[PDB]
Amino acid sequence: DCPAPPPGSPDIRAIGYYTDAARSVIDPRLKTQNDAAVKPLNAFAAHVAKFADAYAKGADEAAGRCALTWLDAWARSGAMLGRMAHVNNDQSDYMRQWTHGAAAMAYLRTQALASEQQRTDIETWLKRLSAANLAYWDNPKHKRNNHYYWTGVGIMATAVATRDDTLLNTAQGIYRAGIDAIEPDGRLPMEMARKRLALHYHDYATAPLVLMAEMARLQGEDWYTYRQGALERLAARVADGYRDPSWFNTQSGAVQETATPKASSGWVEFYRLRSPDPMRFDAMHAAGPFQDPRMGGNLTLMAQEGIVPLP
């Protein structure tokens, strides 16, 4: 039931796989190469989320403890705190952002079961990852698109799990940077620049923003009041776009790739409970249930049961 914690190397060597300026067309050879290079990272995320979801079913404290054993093993090896090797882009940094998010979400969900040593080990590691991922964004040449918002997932989950007001403020700034970037017509310009993937990337940018706001409810706060309505305009564009892509087609200059909502689209499971117009999200909700390790696991269940199971 609990496989051995897998190796948590300090180092990452991921491979970018888009061929065009708009990062909208995939080179399948490079995608296959990247998949193999980052398999340990994706496997770690998938398993800690699987264990957290199993813990959330109840009567399975062993599953929660399994997630903590895996997290503690990576914390003790200094996983991801070494070299972010750069081959053709910053894919290694993006992988550290997403994997920190998965790890921090799993810790947030399972930490009630942590030993004293596991809390110290894991929290120290998650704070070191927060600082390292934040520092990446100090260079203004790193464009603060959806990768920046995704960085906020791990920072926010670490902030809540450690009750760190400084990290909570940092995460709030990242969330608000995304909200502030929404234009009156609902677009996020850096995601609209992704041609046939413009809808996909508006969905993918919405995901971490919603998840951050949902984690803020764990501290009693309602982040949807910040620039209230702006996130709704973006979310409504996404839902509309799955029905009729004509606005994304015109504004992006490309016919959108045909796709069903999946995985991280499960932000809708939370957001439909917050929106003033919930029923407009029914068609996206019907594509569920939604699971994404980078968001903590089963979004459909967490929206009903809460992100953190209670003991």
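So that there is no doubt, residue numbering starts at 1 and follows the sequence shown.
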Averaging only over Cα atoms, indicate whether 68 to 76 or 99 to 107 has the higher B-factor in the PDB entry. 68 to 76
Which has higher Cα B-factors on average according to the PDB entry: 116 to 124 or 82 to 90? 116 to 124
Looking at the C-alpha B-factor values in the deposited entry, which of 184, 178, 152, 189 comes out highest? 184
Per the entry's values, where does residue 162 land by CA temperature factor relative to the rest of its chain, in the lowest, middle or highest third? highest
What third of the chain does residue 264 rank in for C-alpha temperature factor, lowest, middle or highest? lowest
Just say lowest, middle or highest third for the CA B-factor of residue 221 relative to the other modelled residues in its chain. middle
Within-chain third of residue 56 by Cα B-factor, per the entry: middle
Using the B-factor values recorded in the entry, state whether the Cα atom of residue 236 falls in the lowest, middle or highest third among the modelled residues of its chain. middle
